[PDB]
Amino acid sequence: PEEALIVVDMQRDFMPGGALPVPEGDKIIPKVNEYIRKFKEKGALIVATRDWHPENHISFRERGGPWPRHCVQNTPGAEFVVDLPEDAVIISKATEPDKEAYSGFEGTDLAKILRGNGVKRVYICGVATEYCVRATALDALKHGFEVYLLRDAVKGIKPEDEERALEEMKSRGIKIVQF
(Lines of atoms letter the chains of each structure in order from A and count residues from 1; the text may use other names and numbers.)
(Lines give C-alpha, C1' and ligand atoms only; values in the text may rest on other atoms or scores of the structure.)
Protein backbone atom coordinates (compact mmCIF):
# COMPACT_ATOMS: atom_id res chain seq x y z
CA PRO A 1 0.00 0.00 0.00
CA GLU A 2 0.95 3.70 -0.20
CA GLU A 3 0.75 4.45 3.51
CA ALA A 4 2.01 2.75 6.65
CA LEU A 5 1.27 3.32 10.34
CA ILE A 6 4.31 2.78 12.53
CA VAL A 7 3.59 2.16 16.20
CA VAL A 8 6.76 2.84 18.20
CA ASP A 9 7.54 0.68 21.23
CA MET A 10 4.10 0.52 22.83
CA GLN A 11 5.29 -2.03 25.39
CA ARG A 12 4.53 -2.84 29.03
CA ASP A 13 7.84 -1.67 30.44
CA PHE A 14 7.37 1.82 28.92
CA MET A 15 3.91 2.33 30.49
CA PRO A 16 3.17 3.39 34.12
CA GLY A 17 3.94 0.44 36.35
CA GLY A 18 6.72 -0.77 34.05
CA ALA A 19 10.50 -0.85 34.42
CA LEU A 20 11.09 2.35 32.34
CA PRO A 21 7.76 4.13 32.43
CA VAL A 22 6.70 7.05 30.29
CA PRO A 23 4.69 9.50 32.45
CA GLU A 24 1.00 8.86 31.66
CA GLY A 25 2.05 6.80 28.62
CA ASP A 26 -1.08 4.72 29.04
CA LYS A 27 -3.31 7.71 28.26
CA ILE A 28 -2.42 7.56 24.56
CA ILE A 29 -3.22 3.85 24.20
CA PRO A 30 -6.92 4.35 23.25
CA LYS A 31 -6.05 6.85 20.52
CA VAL A 32 -3.15 4.67 19.36
CA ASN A 33 -5.53 1.71 19.05
CA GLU A 34 -8.04 3.92 17.27
CA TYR A 35 -5.46 4.93 14.67
CA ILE A 36 -4.54 1.27 14.21
CA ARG A 37 -8.17 0.36 13.68
CA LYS A 38 -8.62 3.31 11.33
CA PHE A 39 -5.54 2.59 9.26
CA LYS A 40 -6.42 -1.08 9.24
CA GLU A 41 -9.85 -0.30 7.82
CA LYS A 42 -8.26 1.84 5.06
CA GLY A 43 -6.16 -1.18 4.02
CA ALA A 44 -2.88 0.43 5.14
CA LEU A 45 0.18 -1.46 6.30
CA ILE A 46 0.53 -1.59 10.10
CA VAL A 47 4.02 -1.77 11.61
CA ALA A 48 4.76 -2.15 15.35
CA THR A 49 8.33 -1.75 16.61
CA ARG A 50 9.54 -3.25 19.87
CA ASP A 51 12.71 -3.21 21.96
CA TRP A 52 13.56 -6.93 22.06
CA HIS A 53 16.56 -7.10 24.38
CA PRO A 54 18.71 -10.00 25.55
CA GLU A 55 19.71 -10.11 29.23
CA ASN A 56 22.69 -7.84 29.99
CA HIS A 57 22.07 -5.55 27.02
CA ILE A 58 24.58 -2.69 26.60
CA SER A 59 21.95 -0.08 27.47
CA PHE A 60 21.39 -1.65 30.87
CA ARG A 61 22.88 -0.42 34.14
CA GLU A 62 24.55 -3.76 34.78
CA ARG A 63 26.87 -2.97 31.84
CA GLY A 64 27.09 0.70 32.84
CA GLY A 65 24.36 1.91 30.49
CA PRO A 66 21.79 4.56 31.38
CA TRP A 67 18.70 2.35 31.59
CA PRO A 68 17.56 -0.29 34.05
CA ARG A 69 16.77 -3.74 32.61
CA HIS A 70 13.67 -3.41 30.43
CA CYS A 71 11.80 -5.03 27.54
CA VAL A 72 13.75 -8.28 27.74
CA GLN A 73 12.99 -11.02 25.21
CA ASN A 74 10.19 -13.35 26.30
CA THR A 75 9.30 -11.34 29.45
CA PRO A 76 6.07 -9.51 30.41
CA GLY A 77 7.88 -6.19 30.11
CA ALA A 78 8.39 -6.66 26.38
CA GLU A 79 4.71 -7.37 25.74
CA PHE A 80 2.72 -5.01 23.54
CA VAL A 81 0.04 -2.93 25.27
CA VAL A 82 -1.78 -2.08 22.02
CA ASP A 83 -4.26 -4.17 19.99
CA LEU A 84 -2.57 -5.14 16.72
CA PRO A 85 -4.12 -6.86 13.72
CA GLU A 86 -2.87 -10.31 12.76
CA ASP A 87 -1.25 -8.89 9.62
CA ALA A 88 0.77 -6.25 11.52
CA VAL A 89 4.49 -6.38 10.74
CA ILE A 90 6.52 -6.76 13.91
CA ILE A 91 9.93 -5.09 14.07
CA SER A 92 12.25 -6.28 16.88
CA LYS A 93 15.25 -4.05 17.56
CA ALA A 94 18.37 -4.13 19.73
CA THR A 95 18.23 -7.91 19.92
CA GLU A 96 21.97 -8.49 20.23
CA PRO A 97 24.00 -7.80 23.38
CA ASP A 98 26.02 -4.94 21.89
CA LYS A 99 23.61 -3.67 19.21
CA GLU A 100 22.18 -0.29 20.15
CA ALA A 101 19.09 0.90 18.27
CA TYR A 102 16.70 3.74 19.09
CA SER A 103 15.21 4.04 15.61
CA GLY A 104 12.93 1.34 14.25
CA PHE A 105 15.15 1.48 11.13
CA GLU A 106 18.47 0.84 12.90
CA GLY A 107 19.75 -2.66 12.05
CA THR A 108 16.33 -3.78 10.89
CA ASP A 109 14.65 -4.56 7.61
CA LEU A 110 12.17 -1.70 8.09
CA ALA A 111 13.10 0.33 5.02
CA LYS A 112 13.18 -2.65 2.66
CA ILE A 113 9.87 -3.99 3.96
CA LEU A 114 8.28 -0.57 3.62
CA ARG A 115 9.41 -0.12 0.00
CA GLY A 116 8.66 -3.75 -0.78
CA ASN A 117 5.05 -3.10 0.19
CA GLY A 118 4.96 0.04 -1.98
CA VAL A 119 4.72 2.47 0.94
CA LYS A 120 5.17 6.17 0.17
CA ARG A 121 3.96 7.85 3.37
CA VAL A 122 4.47 6.81 7.00
CA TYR A 123 2.51 7.86 10.09
CA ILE A 124 4.33 7.69 13.43
CA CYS A 125 2.87 7.28 16.89
CA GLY A 126 4.13 5.74 20.12
CA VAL A 127 6.73 6.37 22.82
CA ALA A 128 8.98 8.19 23.61
CA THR A 129 8.67 11.36 21.52
CA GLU A 130 12.14 12.67 22.24
CA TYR A 131 13.75 9.23 21.96
CA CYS A 132 12.60 6.39 19.69
CA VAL A 133 9.70 8.25 18.13
CA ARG A 134 11.94 11.09 16.92
CA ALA A 135 14.74 8.76 15.87
CA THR A 136 12.32 6.61 13.87
CA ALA A 137 10.61 9.66 12.33
CA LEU A 138 13.96 11.21 11.40
CA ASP A 139 15.15 7.93 9.83
CA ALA A 140 11.89 7.62 7.87
CA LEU A 141 12.69 11.07 6.48
CA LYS A 142 16.26 10.00 5.59
CA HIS A 143 14.98 7.16 3.38
CA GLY A 144 12.69 9.51 1.40
CA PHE A 145 9.37 8.65 2.97
CA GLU A 146 6.76 11.37 3.44
CA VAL A 147 6.57 11.45 7.23
CA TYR A 148 3.70 12.49 9.48
CA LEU A 149 3.65 12.64 13.28
CA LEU A 150 0.38 11.81 15.07
CA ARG A 151 0.31 14.59 17.68
CA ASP A 152 -2.32 13.04 19.95
CA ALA A 153 -0.75 9.57 19.84
CA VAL A 154 2.81 10.30 20.97
CA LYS A 155 4.19 10.82 24.46
CA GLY A 156 7.59 11.72 25.91
CA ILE A 157 9.33 11.84 29.28
CA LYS A 158 9.84 15.57 29.93
CA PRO A 159 7.70 18.27 28.33
CA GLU A 160 10.57 20.57 27.40
CA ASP A 161 12.35 17.71 25.63
CA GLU A 162 9.06 16.76 24.02
CA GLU A 163 8.48 20.28 22.68
CA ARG A 164 12.09 20.42 21.49
CA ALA A 165 11.78 17.13 19.58
CA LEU A 166 8.46 18.13 17.98
CA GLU A 167 9.90 21.48 16.86
CA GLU A 168 13.05 19.86 15.58
CA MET A 169 11.09 17.25 13.67
CA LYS A 170 8.89 19.91 12.02
CA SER A 171 11.84 22.07 11.04
CA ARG A 172 13.32 19.05 9.25
CA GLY A 173 10.35 18.01 7.12
CA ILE A 174 8.12 16.00 9.49
CA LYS A 175 4.44 16.94 9.29
CA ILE A 176 2.59 16.95 12.58
CA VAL A 177 -1.11 16.13 12.31
CA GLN A 178 -4.06 14.53 14.05
CA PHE A 179 -7.37 13.09 12.92
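Counting begins at 1, following the sequence as shown.
K.L.:
Between 101-109 and 73-81, which has the larger average Cα B-factor in the PDB entry?
P.N.:
Comparing averages over the C-alpha atoms only gives 101-109.
K.L.:
Can you tell me whether 131-139 has a higher mean C-alpha B factor than 56-64 in this record, or the other way round?
P.N.:
Stretch with the higher mean C-alpha B-factor: 56-64.
K.L.:
Name the residue from 10, 157, 20, 169 with the greatest C-alpha temperature factor listed in the entry.
P.N.:
It is 157.
K.L.:
Ranking every modelled residue in this chain by its Cα temperature factor as given in the entry, which third contains residue 34?
P.N.:
Highest third - that is where residue 34 ends up once the chain's C-alpha B-factors are sorted.
K.L.:
Compare the C-alpha B factor of residue 5 with those of the other modelled residues in its chain, then answer lowest, middle or highest third.
P.N.:
Answer is lowest: the recorded C-alpha B-factor places it there.
K.L.:
Taking the values exactly as deposited, rank residue 120 by C-alpha B-factor within its chain and report the matching third: lowest, middle or highest.
P.N.:
Highest third, going by the recorded CA B-factors of the chain.
K.L.:
What third of its chain's C-alpha B-factors does residue 146 belong to: lowest, middle or highest?
P.N.:
According to the entry, residue 146 has a C-alpha B-factor in the chain's middle third.
K.L.:
C-alpha B factor of residue 152, ranked within the chain: lowest, middle or highest third?
P.N.:
CA B-factor rank for residue 152: middle third.
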